[PDB]
Structures are given as structure tokens and as C-alpha cells.
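Coordinates as given in data01.txt (compact mmCIF, C-alpha atoms):
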```txt
# COMPACT_ATOMS: atom_id res chain seq x y z
CA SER A 1 3.08 -45.27 77.69
CA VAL A 2 -0.59 -44.38 77.07
CA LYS A 3 0.24 -42.64 73.76
CA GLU A 4 2.55 -45.48 72.66
CA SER A 5 0.11 -48.19 73.75
CA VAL A 6 -2.40 -46.51 71.42
CA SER A 7 0.23 -46.36 68.67
CA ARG A 8 0.24 -50.20 68.60
CA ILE A 9 -3.57 -50.64 68.49
CA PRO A 10 -4.72 -51.79 65.04
CA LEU A 11 -6.66 -49.18 63.07
CA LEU A 12 -9.90 -49.99 61.25
CA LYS A 13 -10.69 -49.39 57.55
CA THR A 14 -14.41 -49.75 57.21
CA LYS A 15 -16.92 -46.99 57.60
CA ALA A 16 -20.00 -48.80 58.76
CA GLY A 17 -22.30 -49.04 61.72
CA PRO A 18 -24.81 -51.62 62.95
CA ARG A 19 -27.49 -50.89 60.29
CA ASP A 20 -25.16 -51.63 57.35
CA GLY A 21 -25.54 -55.44 56.89
CA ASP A 22 -22.47 -57.07 55.33
CA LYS A 23 -20.33 -53.96 55.87
CA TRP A 24 -21.15 -54.06 59.59
CA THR A 25 -19.96 -57.67 59.67
CA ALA A 26 -16.71 -56.59 57.97
CA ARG A 27 -16.43 -53.65 60.43
CA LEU A 28 -16.94 -56.02 63.38
CA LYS A 29 -14.17 -58.29 62.17
CA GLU A 30 -11.77 -55.33 62.30
CA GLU A 31 -13.20 -54.40 65.74
CA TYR A 32 -12.46 -57.89 67.02
CA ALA A 33 -8.98 -57.89 65.39
CA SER A 34 -8.13 -54.56 66.98
CA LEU A 35 -9.47 -55.60 70.41
CA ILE A 36 -7.66 -58.95 70.44
CA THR A 37 -4.29 -57.32 69.53
CA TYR A 38 -4.82 -54.64 72.18
CA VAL A 39 -5.62 -57.28 74.82
CA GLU A 40 -2.61 -59.41 73.86
CA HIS A 41 -0.38 -56.32 74.06
CA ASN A 42 -1.86 -55.51 77.48
CA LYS A 43 -1.27 -59.07 78.69
CA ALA A 44 2.37 -59.11 77.56
CA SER A 45 3.05 -55.87 79.48
CA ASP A 46 1.08 -57.29 82.43
CA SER A 47 -1.45 -54.44 82.21
CA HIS A 48 -4.61 -56.40 81.35
CA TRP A 49 -7.52 -54.34 82.68
CA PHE A 50 -10.85 -55.43 81.14
CA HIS A 51 -12.89 -58.37 79.95
CA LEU A 52 -15.63 -57.80 77.36
CA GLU A 53 -18.40 -59.87 75.81
CA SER A 54 -21.16 -58.81 73.44
CA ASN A 55 -24.32 -60.11 71.81
CA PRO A 56 -23.79 -61.83 68.40
CA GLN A 57 -24.63 -58.60 66.47
CA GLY A 58 -21.81 -56.74 68.25
CA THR A 59 -24.17 -53.94 69.20
CA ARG A 60 -24.51 -54.48 72.98
CA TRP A 61 -21.33 -54.98 75.02
CA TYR A 62 -20.91 -55.85 78.70
CA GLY A 63 -18.26 -57.05 81.14
CA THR A 64 -15.83 -55.64 83.68
CA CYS A 65 -12.85 -53.31 83.89
CA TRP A 66 -10.45 -52.86 86.81
CA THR A 67 -7.63 -50.73 88.24
CA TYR A 68 -4.99 -51.15 90.92
CA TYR A 69 -4.43 -48.61 93.70
CA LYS A 70 -2.02 -48.96 96.65
CA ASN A 71 -1.49 -52.54 95.38
CA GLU A 72 -5.24 -53.40 95.57
CA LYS A 73 -7.70 -54.39 92.84
CA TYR A 74 -10.94 -52.47 92.22
CA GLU A 75 -13.25 -54.11 89.65
CA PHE A 76 -16.44 -52.67 88.12
CA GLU A 77 -19.30 -53.86 85.92
CA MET A 78 -19.39 -52.04 82.60
CA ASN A 79 -21.61 -51.90 79.56
CA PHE A 80 -22.13 -49.97 76.39
CA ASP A 81 -24.26 -50.12 73.27
CA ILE A 82 -22.86 -49.26 69.84
CA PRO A 83 -24.84 -46.27 68.48
CA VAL A 84 -26.56 -46.67 65.12
CA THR A 85 -24.39 -43.70 63.84
CA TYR A 86 -21.18 -45.41 64.98
CA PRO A 87 -18.33 -44.84 64.08
CA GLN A 88 -19.05 -41.06 63.85
CA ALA A 89 -20.51 -41.23 67.35
CA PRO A 90 -18.48 -43.19 69.89
CA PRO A 91 -20.33 -45.38 72.37
CA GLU A 92 -21.12 -44.08 75.82
CA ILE A 93 -19.67 -46.34 78.54
CA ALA A 94 -21.65 -47.01 81.76
CA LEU A 95 -20.28 -48.12 85.14
CA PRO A 96 -23.64 -48.33 87.05
CA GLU A 97 -22.13 -49.22 90.46
CA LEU A 98 -20.43 -45.78 90.51
CA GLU A 99 -23.53 -43.52 90.22
CA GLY A 100 -23.52 -40.85 92.92
CA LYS A 101 -19.88 -41.65 93.79
CA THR A 102 -18.41 -39.11 91.36
CA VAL A 103 -19.54 -35.96 89.53
CA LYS A 104 -17.69 -37.06 86.36
CA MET A 105 -20.69 -39.07 85.27
CA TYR A 106 -24.15 -38.47 83.73
CA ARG A 107 -27.64 -40.02 83.35
CA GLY A 108 -27.35 -43.83 83.56
CA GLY A 109 -23.91 -44.19 85.17
CA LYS A 110 -22.36 -43.05 81.90
CA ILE A 111 -18.85 -41.69 82.36
CA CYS A 112 -17.96 -38.09 81.46
CA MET A 113 -14.83 -38.66 79.43
CA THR A 114 -12.11 -36.04 78.92
CA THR A 115 -12.80 -32.96 76.82
CA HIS A 116 -9.82 -34.01 74.69
CA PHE A 117 -11.40 -37.35 73.76
CA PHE A 118 -14.15 -36.10 71.46
CA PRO A 119 -12.10 -33.92 68.99
CA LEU A 120 -9.56 -36.75 68.84
CA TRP A 121 -12.32 -39.21 67.98
CA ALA A 122 -13.97 -36.91 65.43
CA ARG A 123 -10.86 -36.50 63.29
CA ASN A 124 -9.88 -40.17 63.36
CA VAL A 125 -13.24 -41.52 62.16
CA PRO A 126 -13.44 -44.32 61.01
CA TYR A 127 -9.90 -45.54 61.87
CA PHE A 128 -10.57 -45.75 65.60
CA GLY A 129 -12.77 -48.35 67.22
CA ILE A 130 -13.79 -49.80 70.58
CA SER A 131 -10.20 -50.58 71.53
CA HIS A 132 -9.48 -46.79 71.23
CA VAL A 133 -12.54 -45.80 73.24
CA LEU A 134 -11.24 -48.04 76.03
CA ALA A 135 -7.62 -46.87 75.73
CA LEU A 136 -8.26 -43.14 75.34
CA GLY A 137 -11.63 -42.82 77.09
CA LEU A 138 -12.29 -45.38 79.81
CA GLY A 139 -8.69 -46.12 80.80
CA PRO A 140 -7.76 -42.51 81.66
CA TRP A 141 -11.14 -41.93 83.35
CA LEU A 142 -10.43 -44.87 85.70
CA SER A 143 -6.87 -43.73 86.47
CA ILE A 144 -8.04 -40.31 87.69
CA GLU A 145 -11.40 -41.03 89.37
CA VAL A 146 -10.90 -44.37 91.12
CA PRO A 147 -8.06 -43.03 93.33
CA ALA A 148 -10.32 -40.11 94.29
CA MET A 149 -13.12 -42.45 95.32
CA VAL A 150 -10.83 -44.89 97.12
CA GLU A 151 -9.43 -41.93 99.07
CA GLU A 152 -12.86 -40.35 99.72
CA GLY A 153 -14.06 -43.61 101.35
CA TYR A 154 -16.64 -44.84 98.82
CA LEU A 155 -14.39 -47.76 97.84
CA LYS A 156 -12.57 -50.43 99.87
CA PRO A 157 -10.53 -53.60 99.04
```
Same coordinates, now as C-alpha cells:
Amino acid sequence: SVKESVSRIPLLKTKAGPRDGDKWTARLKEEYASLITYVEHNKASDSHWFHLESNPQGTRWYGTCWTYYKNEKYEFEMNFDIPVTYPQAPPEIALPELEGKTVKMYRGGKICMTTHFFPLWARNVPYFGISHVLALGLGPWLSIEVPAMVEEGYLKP
């Protein structure tokens, strides 16, 4: 379902990052279009798992993401900035509440995503966006680590 969820996320056409003026605005429109479709698809399969806002420039993002385990909801604050060399470089996603609760994380509560993520990103630049980072990066990270932490005793209802 993860691979086929991703197969229905809209791809992006524009190679631009935050420094690129009108092309960034056009890139952001595609970002928003991809995100909205992904969220609608998630809602219709009753698998909605994040809420995101950003500043007007689309360069700083913040909100929450959540996962269910043993029928219970675990929700976390999340944030990421869009690098100036985006979309070559994907953003680094932070979940600051989780620092020290898992080793799969580095300086600033930034998650250590799967080894497989980065080569997959690199060869699909610029057609992947934020929606893909969440679907391929953050989503899988949550599904593996949160159960560990819930079971280790760092997390409760």
C-alpha cells in the first residue's frame, strides 16, 4: 500500500528552490497541489496522519504527525525548513519531543531516514516534493520507531 499510495501522489515539473522568485512560486503551487491530493487520498482511505502549515514563502513548515499503535494515537510536533538547494536536497524533518528517545535521530531532533530514501530522492529530482518526503521518509520512520518507543516505555496514551 505504501508503494501504491506513492504511485497516486502528483509529481512536480518545476526545478526551482526558494531563491528562484517566480519559479519558486510556480514550484510551490505544484507542492500545494501534490500535498492536497495526497491528503485527500489519505482521508478517503481513512489514513490521514499529518497536518502542516507554513510561512507565506513556503520555506518554513511546521505542524504535527501521528501514528496509531494497539488502537491508540501518538501525536508529535514536527517542523522542517526547505533548503535553498531544494529540490536536489530534501528537507530534514525534526520531531523535537523525541530527542534522546531513539538513536535513529541526529542533531536537532532530525530524523535519520532510511538508507533507501536518499538514492530514491536523488534520481527523481525534481519530480518528487514534500508529499514524497512525508510518504517515503517520515511515514516509514514513524511506523518502525514509534512502536519501539511505546514498547520501551518512553511513550504512553
Excluding range 53-64 of chain A and residues on its chain fewer than 4 positions from it, collect all residues at most 12 Å away from it, counting all atoms listed in the file, and give them as a ChimeraX atom specification.
-> /A:17-22,24-32,35,48-49,74-87,91-97,130,134,138
Please write as a ChimeraX atom specification the list of polymer residues whose atoms come within 9 Å of (-16.4, -48.7, 94.8), counting all atoms listed in the file and keeping to the coordinates of the file.
-> /A:74-76,97-98,101,146,149-150,153-157
Non-local contacts of residue 9 in chain A (10 Å; all atoms listed in the file; under 3 positions in same chain excluded) as JSON, numbers by chain = {"A": [4, 5, 6, 12, 33, 34, 35, 36, 37, 38, 39, 41, 128, 129, 131, 132, 135]}
Pairwise distance, CA of residue 112 in chain A with CA of residue 45 in chain A, equals 27.6 Å
Pick the closest to residue 51 in chain A from A:124, A:3, A:66, A:13: which is it, counting all atoms listed in the file?
-> A:66
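Put simply, CA of residue 102 in chain A is 14.3 Å away from CA of residue 114 in chain A.
Computed from the coordinates, the CA of residue 108 in chain A to CA of residue 127 in chain A distance equals 27.9 Å.
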